[PDB]
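Q: Okay, so here is structure_19.txt, and as you'll see once you scroll down, it has compact mmCIF, C-alpha atoms and all ligand atoms.
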```txt
# COMPACT_ATOMS: atom_id res chain seq x y z
CA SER A 1 120.33 120.12 62.22
CA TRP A 2 123.17 121.29 59.98
CA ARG A 3 125.25 122.35 63.00
CA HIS A 4 123.74 120.35 65.89
CA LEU A 5 125.31 117.14 64.55
CA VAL A 6 128.99 118.15 64.64
CA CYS A 7 129.39 121.68 66.01
CA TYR A 8 126.99 121.21 68.92
CA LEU A 9 128.34 117.72 69.64
CA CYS A 10 131.90 119.05 69.84
CA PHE A 11 130.69 121.93 72.02
CA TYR A 12 128.97 119.44 74.32
CA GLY A 13 132.17 117.40 74.56
CA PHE A 14 134.15 120.53 75.38
CA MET A 15 131.64 121.59 78.04
CA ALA A 16 131.38 118.08 79.49
CA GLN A 17 135.14 117.73 80.02
CA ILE A 18 135.30 121.09 81.85
CA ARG A 19 135.65 120.31 85.57
CA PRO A 20 138.06 122.81 87.16
CA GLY A 21 137.96 120.97 90.49
CA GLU A 22 138.55 117.46 89.14
CA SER A 23 142.35 117.50 89.47
CA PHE A 24 142.09 118.89 93.03
CA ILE A 25 140.02 116.07 94.55
CA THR A 26 142.88 114.67 96.63
CA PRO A 27 144.00 118.02 98.16
CA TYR A 28 140.35 118.80 98.95
CA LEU A 29 140.05 115.47 100.76
CA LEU A 30 143.21 116.46 102.68
CA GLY A 31 142.54 120.15 103.36
CA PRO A 32 140.81 121.73 106.34
CA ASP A 33 137.44 121.65 104.56
CA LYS A 34 137.24 117.84 104.54
CA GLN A 35 140.19 116.75 106.70
CA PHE A 36 140.66 113.01 106.24
CA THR A 37 143.32 110.41 106.99
CA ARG A 38 146.31 110.24 104.66
CA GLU A 39 146.09 106.44 104.44
CA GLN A 40 142.31 106.53 103.87
CA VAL A 41 142.64 108.46 100.60
CA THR A 42 145.08 105.74 99.52
CA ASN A 43 143.77 102.38 100.81
CA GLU A 44 140.02 103.14 100.74
CA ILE A 45 139.17 105.30 97.70
CA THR A 46 141.88 104.60 95.11
CA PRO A 47 141.39 100.78 95.23
CA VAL A 48 137.61 101.10 95.03
CA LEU A 49 137.94 103.38 92.00
CA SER A 50 140.44 101.02 90.38
CA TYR A 51 138.26 97.92 90.77
CA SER A 52 134.94 99.67 90.10
CA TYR A 53 136.33 101.00 86.81
CA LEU A 54 136.39 97.50 85.33
CA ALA A 55 133.34 96.33 87.30
CA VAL A 56 131.31 99.19 85.77
CA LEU A 57 132.92 99.08 82.33
CA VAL A 58 131.88 95.43 81.90
CA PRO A 59 128.12 96.22 81.60
CA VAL A 60 128.48 99.73 80.16
CA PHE A 61 130.12 98.63 76.92
CA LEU A 62 127.50 95.89 76.55
CA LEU A 63 124.53 98.21 77.11
CA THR A 64 125.52 101.57 75.58
CA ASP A 65 125.18 100.48 71.95
CA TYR A 66 121.72 99.05 72.61
CA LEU A 67 120.73 102.13 74.63
CA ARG A 68 121.60 104.33 71.60
CA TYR A 69 124.31 106.39 73.34
CA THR A 70 122.02 109.04 74.83
CA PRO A 71 121.23 107.40 78.21
CA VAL A 72 124.92 106.77 78.87
CA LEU A 73 125.84 110.33 77.88
CA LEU A 74 123.21 111.66 80.30
CA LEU A 75 124.37 109.20 82.96
CA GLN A 76 127.90 110.61 82.63
CA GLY A 77 126.69 114.06 83.63
CA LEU A 78 124.38 112.70 86.33
CA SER A 79 127.20 110.62 87.83
CA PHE A 80 129.65 113.55 87.70
CA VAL A 81 127.02 115.65 89.49
CA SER A 82 126.64 112.87 92.06
CA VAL A 83 130.42 112.71 92.49
CA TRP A 84 130.61 116.46 93.18
CA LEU A 85 127.58 116.41 95.49
CA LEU A 86 129.27 113.64 97.47
CA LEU A 87 132.48 115.69 97.49
CA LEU A 88 130.62 118.76 98.77
CA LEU A 89 128.61 116.91 101.42
CA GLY A 90 131.52 114.64 102.32
CA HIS A 91 130.49 113.03 105.61
CA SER A 92 132.38 109.75 106.12
CA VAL A 93 134.58 107.52 103.98
CA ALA A 94 131.52 105.59 102.79
CA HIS A 95 130.50 108.71 100.87
CA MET A 96 134.01 108.87 99.39
CA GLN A 97 133.84 105.24 98.28
CA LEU A 98 130.48 106.02 96.69
CA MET A 99 132.10 109.03 95.02
CA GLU A 100 134.87 106.87 93.57
CA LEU A 101 132.31 104.32 92.38
CA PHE A 102 130.38 107.07 90.59
CA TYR A 103 133.67 108.33 89.14
CA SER A 104 134.32 104.86 87.74
CA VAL A 105 130.78 105.03 86.33
CA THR A 106 131.66 108.30 84.57
CA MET A 107 134.92 106.81 83.22
CA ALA A 108 133.01 104.59 80.74
CA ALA A 109 130.72 107.16 79.22
CA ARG A 110 134.02 108.26 77.69
CA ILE A 111 133.72 105.24 75.39
CA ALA A 112 130.00 105.99 75.08
CA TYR A 113 130.68 109.49 73.71
CA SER A 114 133.54 108.20 71.56
CA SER A 115 131.15 105.77 69.85
CA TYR A 116 128.28 108.28 69.66
CA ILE A 117 129.86 110.42 66.94
CA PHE A 118 129.96 107.64 64.34
CA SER A 119 126.32 106.77 64.98
CA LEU A 120 125.39 110.44 64.60
CA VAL A 121 126.97 111.23 61.22
CA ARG A 122 127.09 109.46 57.86
CA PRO A 123 129.91 106.95 57.12
CA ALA A 124 131.76 109.48 54.96
CA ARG A 125 132.88 112.14 57.47
CA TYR A 126 133.89 109.66 60.18
CA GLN A 127 137.51 110.85 60.13
CA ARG A 128 136.63 114.55 60.21
CA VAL A 129 134.08 114.02 62.99
CA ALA A 130 136.39 111.77 65.02
CA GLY A 131 139.10 114.42 64.81
CA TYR A 132 136.68 117.24 65.64
CA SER A 133 135.23 115.49 68.69
CA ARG A 134 138.57 114.26 70.05
CA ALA A 135 140.02 117.74 69.57
CA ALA A 136 137.04 119.21 71.44
CA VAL A 137 137.42 116.67 74.26
CA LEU A 138 141.12 117.39 74.69
CA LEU A 139 140.49 121.14 74.48
CA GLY A 140 137.93 120.71 77.24
CA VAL A 141 140.40 118.77 79.37
CA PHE A 142 143.05 121.46 78.81
CA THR A 143 140.56 124.20 79.68
CA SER A 144 139.51 122.38 82.86
CA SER A 145 143.13 121.93 83.96
CA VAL A 146 144.00 125.56 83.19
CA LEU A 147 140.85 126.80 84.94
CA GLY A 148 141.63 124.84 88.09
CA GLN A 149 145.30 125.78 88.23
CA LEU A 150 144.55 129.44 87.49
CA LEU A 151 141.87 129.54 90.18
CA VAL A 152 143.99 127.96 92.92
CA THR A 153 147.50 129.17 92.08
CA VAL A 154 146.50 132.70 91.02
CA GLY A 155 142.98 133.35 92.30
CA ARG A 156 143.65 131.25 95.45
CA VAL A 157 139.91 130.97 95.97
CA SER A 158 139.39 127.60 97.71
CA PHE A 159 139.08 123.88 97.12
CA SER A 160 135.34 124.27 97.79
CA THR A 161 134.55 127.30 95.62
CA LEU A 162 136.46 125.55 92.83
CA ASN A 163 134.24 122.53 93.47
CA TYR A 164 131.16 124.78 93.29
CA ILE A 165 132.34 126.05 89.89
CA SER A 166 132.87 122.43 88.84
CA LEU A 167 129.33 121.59 89.97
CA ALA A 168 127.88 124.51 88.01
CA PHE A 169 129.72 123.48 84.85
CA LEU A 170 128.68 119.84 85.31
CA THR A 171 125.03 120.83 85.72
CA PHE A 172 125.28 122.91 82.54
CA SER A 173 126.87 119.89 80.84
CA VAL A 174 123.89 117.78 81.93
CA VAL A 175 121.50 120.40 80.54
CA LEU A 176 123.37 120.30 77.23
CA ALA A 177 123.40 116.48 77.21
CA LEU A 178 119.62 116.35 77.60
CA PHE A 179 119.24 118.03 74.19
CA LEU A 180 121.45 115.66 72.17
CA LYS A 181 119.48 113.74 69.57
CA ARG A 182 119.08 109.99 70.06
CA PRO A 183 120.08 107.82 67.07
CA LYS A 184 117.44 105.45 65.75
CA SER A 185 119.70 86.18 72.57
CA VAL A 186 121.29 89.60 72.12
CA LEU A 187 124.42 88.35 73.89
CA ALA A 188 124.78 85.67 71.22
CA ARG A 189 124.23 88.36 68.58
CA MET A 190 127.08 90.45 70.00
CA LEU A 191 129.37 87.42 70.31
CA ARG A 192 128.68 86.38 66.70
CA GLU A 193 129.21 89.96 65.52
CA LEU A 194 132.57 90.18 67.29
CA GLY A 195 133.61 86.76 65.97
CA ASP A 196 132.78 87.81 62.41
CA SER A 197 134.34 91.28 62.69
CA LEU A 198 137.62 90.12 64.25
CA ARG A 199 138.56 88.54 60.91
CA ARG A 200 138.58 91.95 59.21
CA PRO A 201 142.09 93.38 58.75
CA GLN A 202 141.37 97.03 59.56
CA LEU A 203 139.40 96.27 62.72
CA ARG A 204 141.93 93.72 63.98
CA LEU A 205 144.96 95.98 63.47
CA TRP A 206 143.48 99.00 65.25
CA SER A 207 141.90 96.78 67.91
CA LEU A 208 145.29 95.23 68.67
CA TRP A 209 146.75 98.74 68.57
CA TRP A 210 144.24 100.05 71.10
CA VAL A 211 144.52 97.20 73.60
CA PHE A 212 148.33 97.48 73.68
CA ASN A 213 149.56 100.97 72.75
CA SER A 214 146.93 102.66 74.92
CA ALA A 215 147.85 100.33 77.78
CA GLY A 216 151.45 101.40 77.28
CA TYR A 217 150.31 105.02 77.14
CA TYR A 218 148.47 104.66 80.46
CA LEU A 219 151.56 103.08 82.01
CA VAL A 220 153.84 105.91 80.90
CA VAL A 221 151.39 108.65 81.93
CA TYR A 222 150.85 107.08 85.36
CA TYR A 223 154.58 106.59 85.94
CA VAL A 224 155.46 110.10 84.75
CA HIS A 225 153.52 111.60 87.65
CA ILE A 226 155.16 109.09 89.99
CA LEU A 227 158.56 110.25 88.72
CA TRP A 228 157.47 113.90 88.89
CA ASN A 229 156.15 113.57 92.45
CA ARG A 230 155.07 122.05 91.12
CA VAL A 231 154.01 124.58 88.49
CA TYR A 232 156.19 122.90 85.85
CA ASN A 233 154.10 119.71 86.14
CA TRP A 234 150.59 121.07 85.55
CA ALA A 235 152.06 123.33 82.86
CA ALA A 236 153.58 120.30 81.14
CA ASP A 237 150.25 118.47 81.41
CA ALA A 238 148.38 121.42 79.90
CA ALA A 239 150.91 121.69 77.07
CA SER A 240 150.56 117.96 76.41
CA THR A 241 146.76 118.24 76.37
CA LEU A 242 146.85 121.20 73.96
CA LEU A 243 149.25 119.32 71.67
CA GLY A 244 146.93 116.32 71.85
CA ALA A 245 143.97 118.48 70.84
CA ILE A 246 145.91 119.97 67.93
CA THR A 247 147.10 116.54 66.77
CA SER A 248 143.58 115.10 67.00
CA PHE A 249 142.40 118.01 64.85
CA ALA A 250 145.18 117.27 62.35
CA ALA A 251 144.28 113.57 62.29
CA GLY A 252 140.69 114.54 61.57
CA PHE A 253 142.04 116.75 58.76
CA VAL A 254 144.74 114.46 57.31
CA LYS A 255 143.88 112.70 54.04
CA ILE A 256 146.07 109.71 53.13
CA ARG A 257 145.37 106.33 51.56
CA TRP A 258 144.68 103.90 54.39
CA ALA A 259 144.92 100.09 54.44
CA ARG A 260 148.17 100.62 52.50
CA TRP A 261 149.89 103.44 54.43
CA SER A 262 148.38 102.41 57.77
CA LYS A 263 150.61 99.87 59.53
CA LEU A 264 153.60 101.99 58.51
CA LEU A 265 152.03 105.01 60.22
CA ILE A 266 151.34 103.00 63.38
CA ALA A 267 154.90 101.66 63.45
CA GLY A 268 156.40 105.10 62.87
CA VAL A 269 154.38 106.80 65.60
CA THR A 270 155.05 103.93 68.01
CA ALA A 271 158.79 104.17 67.30
CA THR A 272 158.65 107.92 67.95
CA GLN A 273 156.85 107.21 71.23
CA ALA A 274 159.51 104.65 72.16
CA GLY A 275 162.24 107.19 71.44
CA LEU A 276 160.48 109.82 73.55
CA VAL A 277 160.07 107.32 76.40
CA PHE A 278 163.78 106.48 76.17
CA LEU A 279 164.58 110.19 76.32
CA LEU A 280 162.30 110.57 79.36
CA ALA A 281 163.96 107.65 81.15
CA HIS A 282 167.59 108.50 80.28
CA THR A 283 167.53 112.22 81.17
CA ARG A 284 168.23 113.27 84.78
CA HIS A 285 170.63 116.21 84.32
CA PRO A 286 169.57 119.24 86.42
CA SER A 287 169.61 121.55 83.38
CA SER A 288 167.46 119.20 81.30
CA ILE A 289 163.99 119.19 82.89
CA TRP A 290 162.48 121.29 80.09
CA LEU A 291 163.68 118.59 77.69
CA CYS A 292 161.84 116.01 79.81
CA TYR A 293 158.65 118.09 79.66
CA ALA A 294 159.05 118.50 75.90
CA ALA A 295 159.45 114.74 75.54
CA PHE A 296 156.29 114.20 77.59
CA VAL A 297 154.22 116.62 75.51
CA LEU A 298 155.53 115.09 72.29
CA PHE A 299 154.65 111.60 73.55
CA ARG A 300 151.15 112.76 74.48
CA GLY A 301 150.69 114.37 71.07
CA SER A 302 151.93 111.22 69.34
CA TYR A 303 149.43 109.07 71.22
CA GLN A 304 146.50 111.45 70.77
CA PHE A 305 147.17 111.80 67.03
CA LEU A 306 146.20 108.16 66.46
CA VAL A 307 143.12 107.97 68.71
CA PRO A 308 140.80 109.77 66.23
CA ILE A 309 142.27 107.66 63.41
CA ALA A 310 141.89 104.46 65.43
CA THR A 311 138.27 105.28 66.27
CA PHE A 312 137.49 106.22 62.65
CA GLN A 313 139.02 102.98 61.34
CA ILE A 314 137.30 100.78 63.91
CA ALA A 315 133.97 102.48 63.17
CA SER A 316 134.36 102.55 59.38
CA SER A 317 135.42 98.90 59.13
CA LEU A 318 132.45 97.72 61.22
CA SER A 319 129.39 96.26 59.50
CA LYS A 320 127.04 96.73 62.47
CA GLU A 321 125.82 99.60 64.64
CA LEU A 322 127.59 98.62 67.87
CA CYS A 323 130.92 100.46 67.66
CA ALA A 324 130.39 101.09 71.37
CA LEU A 325 130.93 97.39 72.10
CA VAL A 326 134.22 97.31 70.19
CA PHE A 327 135.44 100.54 71.80
CA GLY A 328 134.53 99.20 75.22
CA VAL A 329 136.17 95.82 74.74
CA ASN A 330 139.32 97.57 73.51
CA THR A 331 139.33 99.90 76.54
CA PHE A 332 138.65 96.98 78.90
CA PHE A 333 141.50 94.98 77.36
CA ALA A 334 143.82 98.00 77.56
CA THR A 335 143.06 98.43 81.26
CA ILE A 336 143.46 94.67 81.80
CA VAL A 337 146.84 94.71 80.05
CA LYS A 338 147.96 97.68 82.15
CA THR A 339 146.89 95.91 85.35
CA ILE A 340 148.58 92.67 84.27
CA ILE A 341 151.85 94.46 83.47
CA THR A 342 151.73 96.38 86.76
CA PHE A 343 151.06 93.18 88.76
CA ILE A 344 153.76 91.21 86.89
CA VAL A 345 156.49 93.85 87.03
CA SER A 346 155.69 96.64 89.48
CA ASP A 347 154.52 94.36 92.31
CA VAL A 348 156.81 93.85 95.30
CA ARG A 349 156.26 90.09 95.08
CA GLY A 350 157.03 90.47 91.37
CA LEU A 351 160.05 91.95 89.63
CA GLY A 352 159.87 95.14 91.67
CA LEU A 353 162.04 97.88 90.17
CA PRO A 354 162.46 101.65 90.62
CA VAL A 355 160.74 104.18 88.35
CA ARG A 356 163.80 104.55 86.10
CA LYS A 357 163.88 100.80 85.50
CA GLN A 358 160.10 100.88 85.04
CA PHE A 359 160.62 103.34 82.19
CA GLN A 360 163.46 101.19 80.83
CA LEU A 361 161.18 98.17 80.46
CA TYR A 362 158.39 100.42 79.18
CA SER A 363 160.81 101.93 76.66
CA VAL A 364 161.70 98.43 75.47
CA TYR A 365 157.98 97.57 75.47
CA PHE A 366 157.25 100.44 73.10
CA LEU A 367 160.35 99.43 71.12
CA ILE A 368 159.14 95.85 70.64
CA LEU A 369 155.63 97.07 69.78
CA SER A 370 157.08 99.35 67.09
CA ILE A 371 159.33 96.52 65.88
CA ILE A 372 156.37 94.13 65.65
CA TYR A 373 154.30 96.69 63.74
CA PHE A 374 157.19 97.40 61.36
CA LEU A 375 157.66 93.65 60.86
CA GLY A 376 153.97 93.34 60.05
CA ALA A 377 154.31 96.20 57.57
CA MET A 378 157.33 94.45 56.02
CA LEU A 379 155.52 91.09 55.84
CA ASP A 380 152.15 92.20 54.45
CA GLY A 381 153.64 94.44 51.76
CA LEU A 382 156.18 91.78 50.79
CA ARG A 383 153.15 89.60 50.03
CA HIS A 384 151.87 92.13 47.50
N1 LIG B 1 146.93 112.03 90.27
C1 LIG B 1 147.61 110.96 89.58
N2 LIG B 1 148.91 110.81 89.69
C2 LIG B 1 149.54 109.82 89.05
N3 LIG B 1 148.90 108.96 88.28
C3 LIG B 1 147.55 109.07 88.13
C4 LIG B 1 146.85 110.05 88.75
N4 LIG B 1 145.54 109.90 88.40
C5 LIG B 1 145.46 108.84 87.59
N5 LIG B 1 146.65 108.33 87.40
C6 LIG B 1 146.97 107.19 86.62
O1 LIG B 1 147.28 107.48 85.28
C7 LIG B 1 146.96 106.28 84.58
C8 LIG B 1 146.56 106.78 83.23
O2 LIG B 1 145.70 107.87 83.51
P1 LIG B 1 144.98 108.72 82.29
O3 LIG B 1 145.29 108.00 81.07
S1 LIG B 1 145.94 110.62 82.21
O4 LIG B 1 143.32 108.71 82.41
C9 LIG B 1 142.92 107.56 83.13
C10 LIG B 1 142.51 106.51 82.22
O5 LIG B 1 141.66 107.08 81.21
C11 LIG B 1 141.65 105.69 83.02
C12 LIG B 1 142.16 104.27 83.12
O6 LIG B 1 143.55 104.37 83.22
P2 LIG B 1 144.22 103.59 84.50
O7 LIG B 1 144.66 102.30 83.96
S2 LIG B 1 142.75 102.98 85.86
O8 LIG B 1 145.62 104.34 85.17
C13 LIG B 1 145.74 105.78 85.23
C14 LIG B 1 145.77 106.35 86.58
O9 LIG B 1 145.96 105.38 87.60
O10 LIG B 1 141.61 106.31 84.32
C15 LIG B 1 141.66 107.68 83.90
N6 LIG B 1 141.58 108.60 84.96
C16 LIG B 1 141.26 109.87 84.85
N7 LIG B 1 141.25 110.46 86.05
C17 LIG B 1 141.57 109.49 86.98
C18 LIG B 1 141.72 109.49 88.39
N8 LIG B 1 141.52 110.70 89.14
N9 LIG B 1 142.05 108.34 88.99
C19 LIG B 1 142.23 107.22 88.31
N10 LIG B 1 142.10 107.19 86.99
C20 LIG B 1 141.78 108.33 86.31
```
Using the file provided, produce a representation of the structure as structure tokens.
A:
Amino acid sequence: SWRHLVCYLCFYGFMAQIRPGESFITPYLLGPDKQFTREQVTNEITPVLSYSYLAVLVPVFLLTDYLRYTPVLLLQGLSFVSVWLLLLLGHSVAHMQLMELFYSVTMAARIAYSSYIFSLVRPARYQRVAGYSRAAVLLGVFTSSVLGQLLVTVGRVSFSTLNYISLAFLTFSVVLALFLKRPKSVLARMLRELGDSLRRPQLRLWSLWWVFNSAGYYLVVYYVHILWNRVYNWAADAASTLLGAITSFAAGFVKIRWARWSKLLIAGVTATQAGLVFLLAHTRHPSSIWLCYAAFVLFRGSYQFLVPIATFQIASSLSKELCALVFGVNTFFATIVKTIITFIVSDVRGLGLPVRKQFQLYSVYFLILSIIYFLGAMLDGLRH
């Protein structure tokens, strides 16, 4: 088991996030194969996915740590297979709502796999394993996106044959997941553990970083595609994913003194993200779109550089074997913050503003987050 703890785990992550037909779900639901209603794919499947994400995350993060991370990893593949079987069979919109529910089910085994790595390896290579696995995950996402875009734009095969390839790769991912080794008032136990671990400085900082910076990252990523909506969009996404994989690898390889040079790093990367968001918002010249794409890929790399470090620091600082619960509560809070900000600002009944203004307030949001982190770094060090 000298390779099947890191090398095989990273290979499984790479093979699990290979779904060439995942980005083409909406066109497939709109093409001649499975002709649907334009409003149905908007008011019937997107809302059910959005609500079921939280409704499924709530028990997943509670149960994955107790289940020892193997059942949830297998359930990810089984639910992806169910999603694609529903996509292939199709039938009525009830099947599509079931497909979106199963997709929301898959969305939380992300946190399951993220917490698996630190329960697989010893608490001395957490950073190098977090970087390896995040790099493998982002490489898998990039390979899936490239595979899909190459098959449709170049190979022009179909939206069904691409889905068959996706089904084959998902079944192989399930086969791989079956061979992963299983690590060896519970509600009150978890509540007491969280109450005791919140007081730690390294868990609290990276927990408050996850629930806010990631929520800002989701908001920017979602609103970039709204602004974008083209070959120069999927290409930008693939470049951003490759840069994210490379930066996750670097984070798994970087060796600095943490708990002293940590809040400064967070503040610096957040300020860089705020600058890139400002550049994205304040650039509309016709001969400047490549600069916008470069800003997007740099923002994605900046965010994905900290995710392995955040996971390693949340796992290392924990004194109990339930890193899955902390990862899940952070992801749940990030999604809740994103939903709250969208409802408060983006809603028509709320302070409804165009996409450019949306990026202006998100630029100032990243700015104030960076300012708060820099102020924390200037107030903790001043109390040396
Ligand atoms: N084709 C599209 N055009 C424009 N915007 C889109 C979009 N597909 C999604 N988004 C949006 O991007 C935001 C960030 O996405 P990611 O950060 S790049 O990944 C998200 C995130 O991990 C999670 C919660 O993030 P979330 O708060 S619910 O918001 C998402 C999502 O609504 O949902 C994941 N996710 C992955 N694939 C899908 C999908 N097919 N549908 C909905 N969510 C999806």
Q: Between A:293, A:118, A:8, A:373, which is the closest to residue A:136 once you count all atoms listed in the file?
A: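 Using all atoms listed in the file, residue A:136 sits closest to A:8.
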Q: Please tabulate, as a Markdown table, the residues of chain A that come within 7 Å of ligand LIG 1 (chain B), each with its closest pair of atoms and the distance in Å to one decimal, counting only C-alpha atoms and all ligand atoms and ordering rows by chain, then residue number upward.
A:
```
| residue | atom | partner | partner_atom | distance |
| --- | --- | --- | --- | --- |
| A:23 | CA | B:LIG1 | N8 | 6.9 |
| A:49 | CA | B:LIG1 | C19 | 6.8 |
| A:50 | CA | B:LIG1 | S2 | 5.4 |
| A:53 | CA | B:LIG1 | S2 | 6.8 |
| A:107 | CA | B:LIG1 | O10 | 6.8 |
| A:218 | CA | B:LIG1 | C8 | 4.0 |
| A:219 | CA | B:LIG1 | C7 | 6.2 |
| A:221 | CA | B:LIG1 | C8 | 5.3 |
| A:222 | CA | B:LIG1 | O1 | 3.6 |
| A:223 | CA | B:LIG1 | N3 | 6.6 |
| A:225 | CA | B:LIG1 | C2 | 4.6 |
| A:226 | CA | B:LIG1 | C2 | 5.7 |
| A:335 | CA | B:LIG1 | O7 | 5.0 |
| A:338 | CA | B:LIG1 | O7 | 6.0 |
| A:339 | CA | B:LIG1 | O7 | 6.9 |
```
Q: At what distance in Å, to one decimal, does atom CA of residue A:331 lie from atom CA of residue A:111?
A: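 Spanning atom CA of residue A:111 to atom CA of residue A:331 is a straight-line distance of 7.8 Å.
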Q: Find the distance between atom CA of residue A:313 and atom CA of residue A:206 and write it in Å to one decimal.
A: 7.1 Å
Q: What does the distance from atom CA of residue A:309 to atom CA of residue A:110 come to in Å, to one decimal?
A: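 Distance reported for this atom pair: 16.5 Å.
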Q: So, counting all atoms listed in the file, which residue among A:270, A:17, A:82, A:197 is closest to residue A:145?
A: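 Closest candidate: A:17.
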Q: Give the answer as one residue: which of A:12, A:290, A:217, A:232 has the shortest atom-to-atom distance to residue A:337, using all atoms listed in the file?
A: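 Smallest distance to residue A:337 is found for A:217.
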Q: Write out as a list in words the residues lying within 12 Å of residue A:196, counting all atoms listed in the file and excluding same-chain residues fewer than 4 positions away.
A: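 Here the answer would be residues 189, 190, 191, 192, 200, 201, 203, 204, 317, 318, 319 and 320 of chain A.
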Q: From the list A:342, A:213, A:37, A:262, which residue is nearest residue A:376 when using all atoms listed in the file?
A: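 Of the candidates, the smallest distance to residue A:376 is held by A:262.
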Q: Nearest residue to residue A:301 out of A:243, A:329, A:371, A:45, using only C-alpha atoms?
A: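 Comparing A:243, A:329, A:371, A:45 against residue A:301, the winner is A:243.
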Q: Hey, what's within 9 Å of residue A:267 if we count only C-alpha atoms and toss same-chain stuff fewer than 3 positions away? As a PyMOL selection string, please?
A: chain A and resi 262-264+270-272+369-375+377
Q: Considering all atoms listed in the file, state which residue in the set A:6, A:291, A:326, A:280 is at the smallest distance from residue A:120.
A: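 For residue A:120, the nearest of the candidates is A:6.
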Q: Show me, as a ChimeraX atom specification, the residues that have an atom within 12 Å of residue A:179 when counting all atoms listed in the file, minus same-chain residues fewer than 5 positions from it.
A: /A:4-5,8-9,12,70-71,73-74,172-174
Q: Please, which residues are within 12 Å of (134.9, 126.5, 91.3) by the file's coordinates, counting only C-alpha atoms, and could they come as a ChimeraX atom specification?
A: /A:18-24,84,88,144-145,147-152,155-170
